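Structure, as structure tokens:
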Amino acid sequence: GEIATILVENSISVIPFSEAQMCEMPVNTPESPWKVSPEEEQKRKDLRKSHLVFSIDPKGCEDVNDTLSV
RNA sequence: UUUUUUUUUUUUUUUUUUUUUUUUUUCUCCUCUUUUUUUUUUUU
């Protein structure tokens, strides 16, 4: 009840989205997951082999932003 | 040696109809105390 009060009072929504707001999703399905279309591999410039990327991140960091490389 | 007569289960069937959830009261009402109101910053 207190958490609900804190939400309602401070103007924050707790409603999951609607069908048309859901349906517009990238399809990360097991029968066909996501993988880069090769014309965009052309158009970009890969570095997954010639350079090292890693990250320290807080405990529980289910979603990383920060990365660097020197 | 004991004849003859004294009715019985109401008659009738071939009449028209153009609405509609509910329904009808109760008054004015003293919110107690460190504050201006804090605020960059970074790790989600």
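Going through the structure tokens in order, the chains are called A, B, and so on, while each chain numbers its residues from 1 and the ligands are numbered from 1 in the order shown.
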Under the rule of at most 9 Å, produce a per-residue listing of chain A near chain B: chain, number, name, the closest pair of atoms, and the distance in Å, as JSON lines, using only C-alpha atoms (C1' of nucleotides).
{"residue": "A:57", "atom": "CA", "partner": "B:43", "partner_atom": "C1'", "distance": 8.0}
{"residue": "A:58", "atom": "CA", "partner": "B:43", "partner_atom": "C1'", "distance": 7.2}
{"residue": "A:60", "atom": "CA", "partner": "B:44", "partner_atom": "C1'", "distance": 8.3}
{"residue": "A:61", "atom": "CA", "partner": "B:44", "partner_atom": "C1'", "distance": 6.3}
{"residue": "A:62", "atom": "CA", "partner": "B:44", "partner_atom": "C1'", "distance": 8.3}
{"residue": "A:63", "atom": "CA", "partner": "B:44", "partner_atom": "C1'", "distance": 7.3}
{"residue": "A:64", "atom": "CA", "partner": "B:44", "partner_atom": "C1'", "distance": 8.0}
{"residue": "A:65", "atom": "CA", "partner": "B:44", "partner_atom": "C1'", "distance": 8.8}
Output N, CA, C and O atoms for every residue in the selection just made, as a PDB file, in the first residue's frame.
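Heads up, here's the output in selection_1.pdb:
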ATOM      1  N   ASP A  57      30.732  -3.265 -13.864  1.00  0.00           N
ATOM      2  CA  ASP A  57      29.338  -2.854 -13.736  1.00  0.00           C
ATOM      3  C   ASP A  57      28.793  -3.181 -12.356  1.00  0.00           C
ATOM      4  O   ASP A  57      29.182  -4.205 -11.778  1.00  0.00           O
ATOM      5  N   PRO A  58      27.916  -2.333 -11.793  1.00  0.00           N
ATOM      6  CA  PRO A  58      27.394  -2.567 -10.437  1.00  0.00           C
ATOM      7  C   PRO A  58      26.756  -3.934 -10.249  1.00  0.00           C
ATOM      8  O   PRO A  58      26.344  -4.567 -11.226  1.00  0.00           O
ATOM      9  N   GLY A  60      24.154  -6.529 -10.016  1.00  0.00           N
ATOM     10  CA  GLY A  60      22.782  -6.561 -10.471  1.00  0.00           C
ATOM     11  C   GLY A  60      22.551  -5.862 -11.792  1.00  0.00           C
ATOM     12  O   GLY A  60      21.393  -5.644 -12.166  1.00  0.00           O
ATOM     13  N   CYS A  61      23.620  -5.504 -12.505  1.00  0.00           N
ATOM     14  CA  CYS A  61      23.556  -4.655 -13.697  1.00  0.00           C
ATOM     15  C   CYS A  61      23.038  -5.487 -14.871  1.00  0.00           C
ATOM     16  O   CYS A  61      23.762  -5.856 -15.798  1.00  0.00           O
ATOM     17  N   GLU A  62      21.744  -5.795 -14.804  1.00  0.00           N
ATOM     18  CA  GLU A  62      21.054  -6.501 -15.878  1.00  0.00           C
ATOM     19  C   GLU A  62      21.010  -5.704 -17.178  1.00  0.00           C
ATOM     20  O   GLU A  62      20.503  -6.199 -18.190  1.00  0.00           O
ATOM     21  N   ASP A  63      21.534  -4.476 -17.172  1.00  0.00           N
ATOM     22  CA  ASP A  63      21.466  -3.616 -18.356  1.00  0.00           C
ATOM     23  C   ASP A  63      22.630  -2.625 -18.337  1.00  0.00           C
ATOM     24  O   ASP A  63      22.597  -1.619 -17.621  1.00  0.00           O
ATOM     25  N   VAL A  64      23.658  -2.917 -19.129  1.00  0.00           N
ATOM     26  CA  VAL A  64      24.894  -2.146 -19.112  1.00  0.00           C
ATOM     27  C   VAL A  64      24.737  -0.948 -20.033  1.00  0.00           C
ATOM     28  O   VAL A  64      24.176  -1.068 -21.129  1.00  0.00           O
ATOM     29  N   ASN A  65      25.221   0.221 -19.605  1.00  0.00           N
ATOM     30  CA  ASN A  65      25.530   1.297 -20.541  1.00  0.00           C
ATOM     31  C   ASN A  65      27.025   1.387 -20.835  1.00  0.00           C
ATOM     32  O   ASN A  65      27.448   1.313 -21.993  1.00  0.00           O
TER      33      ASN A  65
END
(Q) Can you pull out every residue from chain A that DSSP, working from the backbone, puts in alpha helix (DSSP H), and format the result as number ranges by chain? (A) A: 2-9, 19-23, 38-43
Go ahead and save the picked residues with N, CA, C and O atoms, as a PDB file, in the first residue's frame.
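Okay, again_6.pdb is ready:
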ATOM      1  N   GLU A   2       1.945   1.252   0.754  1.00  0.00           N
ATOM      2  CA  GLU A   2       2.814   2.423   0.788  1.00  0.00           C
ATOM      3  C   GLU A   2       3.521   2.618  -0.545  1.00  0.00           C
ATOM      4  O   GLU A   2       3.636   3.748  -1.034  1.00  0.00           O
ATOM      5  N   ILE A   3       4.056   1.540  -1.127  1.00  0.00           N
ATOM      6  CA  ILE A   3       4.661   1.662  -2.450  1.00  0.00           C
ATOM      7  C   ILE A   3       3.652   2.202  -3.454  1.00  0.00           C
ATOM      8  O   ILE A   3       3.976   3.065  -4.280  1.00  0.00           O
ATOM      9  N   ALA A   4       2.418   1.690  -3.418  1.00  0.00           N
ATOM     10  CA  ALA A   4       1.382   2.184  -4.320  1.00  0.00           C
ATOM     11  C   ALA A   4       1.132   3.670  -4.110  1.00  0.00           C
ATOM     12  O   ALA A   4       0.941   4.422  -5.075  1.00  0.00           O
ATOM     13  N   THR A   5       1.145   4.113  -2.849  1.00  0.00           N
ATOM     14  CA  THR A   5       0.971   5.530  -2.557  1.00  0.00           C
ATOM     15  C   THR A   5       2.111   6.341  -3.153  1.00  0.00           C
ATOM     16  O   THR A   5       1.895   7.403  -3.750  1.00  0.00           O
ATOM     17  N   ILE A   6       3.342   5.860  -2.979  1.00  0.00           N
ATOM     18  CA  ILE A   6       4.499   6.571  -3.510  1.00  0.00           C
ATOM     19  C   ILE A   6       4.423   6.682  -5.024  1.00  0.00           C
ATOM     20  O   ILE A   6       4.728   7.735  -5.600  1.00  0.00           O
ATOM     21  N   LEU A   7       4.015   5.604  -5.693  1.00  0.00           N
ATOM     22  CA  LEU A   7       3.820   5.666  -7.137  1.00  0.00           C
ATOM     23  C   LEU A   7       2.773   6.710  -7.517  1.00  0.00           C
ATOM     24  O   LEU A   7       3.068   7.671  -8.238  1.00  0.00           O
ATOM     25  N   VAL A   8       1.531   6.519  -7.055  1.00  0.00           N
ATOM     26  CA  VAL A   8       0.431   7.400  -7.456  1.00  0.00           C
ATOM     27  C   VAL A   8       0.749   8.865  -7.168  1.00  0.00           C
ATOM     28  O   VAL A   8       0.511   9.744  -8.007  1.00  0.00           O
ATOM     29  N   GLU A   9       1.284   9.154  -5.980  1.00  0.00           N
ATOM     30  CA  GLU A   9       1.509  10.537  -5.573  1.00  0.00           C
ATOM     31  C   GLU A   9       2.544  11.215  -6.458  1.00  0.00           C
ATOM     32  O   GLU A   9       2.339  12.342  -6.926  1.00  0.00           O
ATOM     33  N   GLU A  19      -1.757  -3.796 -26.787  1.00  0.00           N
ATOM     34  CA  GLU A  19      -1.431  -4.712 -27.875  1.00  0.00           C
ATOM     35  C   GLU A  19      -0.615  -4.014 -28.956  1.00  0.00           C
ATOM     36  O   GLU A  19       0.483  -4.460 -29.306  1.00  0.00           O
ATOM     37  N   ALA A  20      -1.131  -2.907 -29.493  1.00  0.00           N
ATOM     38  CA  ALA A  20      -0.415  -2.232 -30.568  1.00  0.00           C
ATOM     39  C   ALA A  20       0.838  -1.546 -30.051  1.00  0.00           C
ATOM     40  O   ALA A  20       1.754  -1.277 -30.836  1.00  0.00           O
ATOM     41  N   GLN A  21       0.898  -1.268 -28.749  1.00  0.00           N
ATOM     42  CA  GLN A  21       2.100  -0.728 -28.133  1.00  0.00           C
ATOM     43  C   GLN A  21       3.089  -1.835 -27.799  1.00  0.00           C
ATOM     44  O   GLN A  21       4.296  -1.579 -27.724  1.00  0.00           O
ATOM     45  N   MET A  22       2.592  -3.059 -27.615  1.00  0.00           N
ATOM     46  CA  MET A  22       3.432  -4.240 -27.437  1.00  0.00           C
ATOM     47  C   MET A  22       3.926  -4.763 -28.781  1.00  0.00           C
ATOM     48  O   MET A  22       5.134  -4.839 -29.026  1.00  0.00           O
ATOM     49  N   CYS A  23       2.986  -5.119 -29.663  1.00  0.00           N
ATOM     50  CA  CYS A  23       3.263  -5.848 -30.898  1.00  0.00           C
ATOM     51  C   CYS A  23       4.450  -5.307 -31.691  1.00  0.00           C
ATOM     52  O   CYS A  23       5.129  -6.076 -32.382  1.00  0.00           O
ATOM     53  N   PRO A  38      23.385  -8.352 -43.564  1.00  0.00           N
ATOM     54  CA  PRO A  38      24.787  -8.105 -43.940  1.00  0.00           C
ATOM     55  C   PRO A  38      25.025  -6.764 -44.614  1.00  0.00           C
ATOM     56  O   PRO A  38      26.165  -6.279 -44.582  1.00  0.00           O
ATOM     57  N   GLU A  39      24.019  -6.164 -45.254  1.00  0.00           N
ATOM     58  CA  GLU A  39      24.238  -4.846 -45.840  1.00  0.00           C
ATOM     59  C   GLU A  39      24.561  -3.812 -44.770  1.00  0.00           C
ATOM     60  O   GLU A  39      25.345  -2.886 -45.016  1.00  0.00           O
ATOM     61  N   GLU A  40      24.010  -3.970 -43.564  1.00  0.00           N
ATOM     62  CA  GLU A  40      24.390  -3.093 -42.465  1.00  0.00           C
ATOM     63  C   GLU A  40      25.763  -3.438 -41.906  1.00  0.00           C
ATOM     64  O   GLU A  40      26.423  -2.569 -41.325  1.00  0.00           O
ATOM     65  N   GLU A  41      26.214  -4.682 -42.092  1.00  0.00           N
ATOM     66  CA  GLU A  41      27.585  -5.038 -41.744  1.00  0.00           C
ATOM     67  C   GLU A  41      28.575  -4.370 -42.687  1.00  0.00           C
ATOM     68  O   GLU A  41      29.607  -3.846 -42.247  1.00  0.00           O
ATOM     69  N   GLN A  42      28.286  -4.398 -43.990  1.00  0.00           N
ATOM     70  CA  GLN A  42      28.963  -3.520 -44.936  1.00  0.00           C
ATOM     71  C   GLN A  42      28.964  -2.081 -44.435  1.00  0.00           C
ATOM     72  O   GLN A  42      30.020  -1.449 -44.320  1.00  0.00           O
ATOM     73  N   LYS A  43      27.778  -1.541 -44.139  1.00  0.00           N
ATOM     74  CA  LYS A  43      27.658  -0.096 -44.008  1.00  0.00           C
ATOM     75  C   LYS A  43      28.350   0.385 -42.735  1.00  0.00           C
ATOM     76  O   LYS A  43      28.810   1.532 -42.670  1.00  0.00           O
TER      77      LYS A  43
END
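Atom CA of residue A:33 sits 24.6 Å away from atom CA of residue A:55.
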Q. Could you state the separation of atom CA of residue A:69 and atom CA of residue A:46 in Å, given to one decimal place?
A. 14.4 Å
